[PDB]
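Engineer:
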Ligand SMILES: CN1CCC(c2ccc(-c3ccc4c(c3)C(=O)N([C@@H](C(=O)Nc3nccs3)c3cc(F)ccc3O)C4)cc2)CC1
Ligand SMILES: CN1CCC(c2ccc(-c3ccc4c(c3)C(=O)N([C@@H](C(=O)Nc3nccs3)c3cc(F)ccc3O)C4)cc2)CC1
Ligand SMILES: */C=C/C(=O)Nc1cc(Nc2nccc(-c3cn(C)c4ccccc34)n2)c(OC)cc1N(C)CCN(C)C
Ligand SMILES: C=CC(=O)Nc1cc(Nc2nccc(-c3cn(C)c4ccccc34)n2)c(OC)cc1N(C)CCN(C)C
């Protein structure tokens, strides 16, 4: 209700293209408050099409729900502008997404960051499950980095990412919170391989077959089997044998309490988490919300 | 101890001059974390005198206390860089200082902002008094605007003749009650929206006119209730001046009926923001807790 602000086109401008989503493009933009002199960096998503008083009504009423979330590991929709092209505005995460982050930082990611990222993603997904919100598009590209010690899940509930979807989602359009657990396992697979393309070299029209014959993503080199068994149980075809996000929070937390025991990274002992000094400095500059 | 980060000169640099004080220059600068690609805006104060490692320890020992404060209306020291000239790092407040703010928004400000700013400055000063920290240089230039609904006090802990209590001018005594005097001048600055106190009088003479009973005049928009409070901050007996806690209570009740205590032309179409615009401001700029 009061969590979604309706904007004018005059109080924000799109400045640089950051990327394409499925149904729209995301820009880096600037918010100019009315009667003010300051300019605040923001992220604007302009939708591919459809300005219709009628489609606006489902866009708005679902934007209200995406403005309702309150969790440190879930992004909140902040505003909307209902012109000819719908424009959506969120906070800009200056570090980008976890996917390009682990791809451009593959030689400096320690084990202790990866397991904490897995935990944080699970807390965000567990909160959405507690809010009865299905993500439907969880992937390393939809996990944003506020600080390297703080990731947030974005772009949930929007409803093709075939290589992330559960088989019941591929064959029968079923989207549950257990289907999201499947996409969570692929997301962990992306993190542990430092941004590899899942099922690389296999047409998306062919994934349903290989999953029915038992084929799964291979064990990442840095993962022990305790981590790989977790990923594989997120890919049981029976959805209720897949773990719950609540359980995934507990298990990855305990592995975070002994990181190099569960992830084997070359040179893992010269790369570590920030001290309280470095953490408090990050929070005072960029991350003042409670965590 | 772990709240003050020691920086290297390679991970931050100065970008633009924001203003000077007397102890040194303040710059707008950018922090680049080591091994990272993003650039985070900061405020850097360069100590314009070059100091020695012996003076550095006295600089450091007070920097730790300036990094120890935790209150929504007091700025916290975040970092320090100890080269030839010491550099000090805080959060950058993009709206600037309350002084230039009310000067550039003169008579576009309602009573409800003016009274809340008075409350917030008293809250910060009362927190400093509870920490047994004297400000010694309180003025509208040292009140930073994080957002228009949130101000913070900076540059405390250690000649502004026209702000000082009389015992500070004659006997250089600096108590929390001398800070109450300078608070009254600050409220005067806001209520005249950035006028020069005692404008046109040499500072070498302010002691004389204060012993003769002369004070700053009543601002046009102020009724006598608020002007009497300012006059009690300028009593020659230090223990007849009000306490900061009392100023919090007294300005708070006046804030609950602003148009009763300030008479501004057109005050009734300029209001405080709605929860929607406030939830929008904080999610972008002010994630800190606050009342
Ligand atoms: C006939 N036919 C036509 C179309 C109809 C339709 C209905 C609803 C939408 C809709 C509504 C709301 C959103 C989204 C989509 C969405 O993509 N949204 C993201 C988000 O915007 N991200 C951002 N990136 C950068 C800046 S804004 C998002 C942000 C966030 F903070 C939290 C969750 C979230 O999903 C929000 C579109 C089309 C359906 C029927
Ligand atoms: C002969 N000579 C030799 C050396 C001796 C000496 C001793 C102590 C200092 C010292 C130490 C610490 C600070 C300050 C000064 C100061 O000016 N500081 C502000 C502050 O940094 N402001 C900012 N603006 C923009 C970016 S940083 C500040 C920031 C904050 F967040 C909270 C309180 C505060 O006071 C902090 C300097 C010199 C004195 C005698
Ligand atoms: C991971 C892809 C990407 O482009 N990442 C990225 C993201 C930045 N910030 C940001 N903040 C909030 C929301 C998004 C966002 C949300 N969705 C659904 C997106 C889709 C596509 C792109 C971005 C999306 N992003 C960011 O801030 C500067 C930069 C950035 N990078 C690394 C791209 C480099 N360009 C500057 C060329
Ligand atoms: C009233 C002086 C002042 O504070 N000016 C100021 C400040 C900031 N940001 C900022 N953030 C933290 C600390 C300080 C700061 C602290 N001190 C002690 C200062 C002394 C002089 C100038 C600035 C400072 N300044 C800031 O962020 C962009 C902008 C301005 N300006 C008003 C510049 C003028 N603008 C209208 C173009």
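Protein chains in written order, with UniProt numbering: chain C, 701 to 859, 876 to 1007; chain H, 701 to 858, 876 to 1008. Ideal Cβ placement from N, Cα and C applies to all residues, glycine included.
Is any heavy atom in ligand 1 found nearer than 7 Å to the beta carbon of residue 726(C)?
Structural biologist: For ligand 1, at least one heavy atom lies less than 7 Å from the Cβ of residue 726(C).
Engineer: Check whether the Cβ of residue 730(C) sits closer than 7 Å to any heavy atom of ligand 1, and report yes or no.
Structural biologist: Because no heavy atom of ligand 1 lies under 7 Å away, the Cβ of residue 730(C) does not count as near it: no.
Engineer: In chain order, what residues of the same chain have a beta carbon less than 6 Å from the beta carbon of residue 836(H), not counting five sequence neighbours either side?
Structural biologist: Result list for residue 836(H): 858, 891, in chain order.
Engineer: What is the DSSP secondary structure of residue 771(C), counted as helix, strand or coil?
Structural biologist: Reduced to three states, the DSSP call for residue 771(C) is strand.
Engineer: So, is the C-beta of residue 717(C) closer than 8 Å to a C-beta in chain H?
Structural biologist: Taking Cβ atoms only, chain H never reaches closer than 8 Å to residue 717(C), which makes this a no.
Engineer: Could you list the residues in the region 794 to 828 of chain H with a C-beta less than 9 Å from some C-beta on chain C, going in chain order?
Structural biologist: Residues 794, 795, 796, 804, 805, 808.
Engineer: For ligand 2, is there a heavy atom less than 7 Å away from the beta-carbon of residue 823(H)?
Structural biologist: Residue 823(H): no, Cβ never under 7 Å from ligand 2.
Engineer: Tell me whether residue 735(H), by its Cβ, gets closer than 7 Å to a heavy atom of ligand 1.
Structural biologist: The answer is no for residue 735(H).
Engineer: Along chain H, in chain order, which residues have C-beta atoms closer than 8 Å to that of residue 1000(C)?
Structural biologist: Chain H residues near residue 1000(C): 776, 778, 791.
Engineer: In whole angstroms, give me the CA-to-CA distance for residue 751(C) and residue 745(C).
Structural biologist: Taking the straight line from one Cα to the other gives about 15 Å.
Engineer: So if DSSP puts residue 847(C) in a beta bridge, which residue, or which two residues, is it bridged to?
Structural biologist: 850(C).
Engineer: Establish whether the CB of residue 992(H) and some CB of chain C are separated by less than 8 Å.
Structural biologist: For residue 992(H), the answer is yes, since a Cβ of chain C falls inside 8 Å of its Cβ.
Engineer: Out of 996(H), 768(H), 816(H), which has the shortest C-alpha to C-alpha gap to residue 860(C)?
Structural biologist: Here chain C breaks off after 859 and picks up again at 876, leaving residue 860(C) without coordinates.
Engineer: Regarding residue 748(H) and ligand 4, is the C-beta to nearest heavy atom distance less than 7 Å?
Structural biologist: No, the Cβ of residue 748(H) stays beyond 7 Å of every heavy atom of ligand 4.
Engineer: Going by DSSP, name the residue or residues bridged to residue 726(H).
Structural biologist: Partner(s): 719(H), 745(H).
Engineer: Just the C-alpha distance for residue 853(C) and residue 969(H), rounded to the nearest angstrom, thanks.
Structural biologist: C-alpha separation (whole angstroms): 40 Å.
Engineer: Taking only heavy atoms of ligand 4 into account, decide whether any of them is closer than 7 Å to the Cβ of residue 955(H).
Structural biologist: False, no ligand heavy atom lies under 7 Å from that Cβ.
Engineer: Since residue 958(C) meets chain H, which of its residues come closer than 9 Å, beta carbon to beta carbon?
Structural biologist: Simply none; closest approach about 33 Å.
Engineer: If residue 883(H) sits next to residue 938(H), beta carbons under 8 Å apart, how far is it from one beta carbon to the other, in whole angstroms?
Structural biologist: Wrong, their Cβ atoms sit about 27 Å apart, outside the cutoff.
Engineer: Are residue 792(C) and residue 743(C) touching if we call contact CB-CB under 8 Å?
Structural biologist: Contact flag set, yes.
Engineer: Under 8 Å between the Cβ atoms of residue 797(C) and residue 755(C)?
Structural biologist: No. Outside cutoff.
Engineer: How would you list, in chain order, the residues of chain H whose beta-carbon sits under 9 Å from the beta-carbon of residue 786(C)?
Structural biologist: The contacting residues do not exist; residue 786(C) stays about 18 Å from chain H at best.
Engineer: With residue 788(H) as the anchor, note down where its alpha helix (DSSP H) starts and where it stops.
Structural biologist: That residue, residue 788(H), is in no alpha helix (DSSP H); its beta strand (DSSP E) goes 786 to 791.
Engineer: Assign residue 899(C) to buried or exposed, taking buried as 16 or more other Cβ atoms, counted over all protein chains shown, within 10 Å of its Cβ.
Structural biologist: Residue 899(C) should be labelled buried.
Engineer: Would residue 1002(H) pass as a contact of residue 740(C) if the rule is Cβ separation under 8 Å?
Structural biologist: Contact flag set, yes.
Engineer: Could you compute how far the alpha carbon of residue 729(C) sits from the alpha carbon of residue 991(C)?
Structural biologist: If I take the Cα positions, the gap works out to 33 Å.
Engineer: With C-beta atoms as the reference, is residue 949(H) less than 8 Å away from residue 936(H)?
Structural biologist: No. Outside cutoff.
Engineer: Classify residue 832(C) as buried or exposed, calling it buried when 16 or more other Cβ atoms lie within 10 Å of its own Cβ.
Structural biologist: The residue is exposed, with fewer than 16 neighbouring Cβ atoms inside 10 Å.
Engineer: Output yes or no for whether 8 Å exceeds the beta carbon distance between residue 795(H) and residue 716(H).
Structural biologist: In this structure, residue 716(H) does not lie closer than 8 Å to residue 795(H) by Cβ.
Engineer: Looking at ligand 1, does it come within less than 7 Å of residue 858(C), judged from the CB to the closest heavy atom?
Structural biologist: The answer is yes for residue 858(C).
Engineer: Could you spell out the range, first to last residue, of the beta strand (DSSP E) harbouring residue 782(C)?
Structural biologist: Counting along the chain, the beta strand (DSSP E) containing residue 782(C) begins and ends at 779 to 782.
Engineer: Just the chain C side, please: which residues come within less than 8 Å of residue 997(H) by C-beta, in chain order?
Structural biologist: Under the 8 Å cutoff, chain C gives 705, 778, 779.
Engineer: Report buried or exposed for residue 766(C), applying the criterion of at least 16 other Cβ atoms within 10 angstroms of its Cβ.
Structural biologist: By the neighbour-count rule (16 or more Cβ atoms within 10 Å), residue 766(C) is buried.
Engineer: Measure the CB-CB distance between residue 822(C) and residue 989(C) and report whether it falls below 8 Å.
Structural biologist: Taking 8 Å as the Cβ cut-off, residue 822(C) and residue 989(C) do not qualify as a contacting pair.
Engineer: In the DSSP assignment, find the unbroken alpha helix (DSSP H) run with residue 818(C) in it and report its ends.
Structural biologist: Looking at the DSSP string, the run of the alpha helix (DSSP H) that includes residue 818(C) is 811 to 830.
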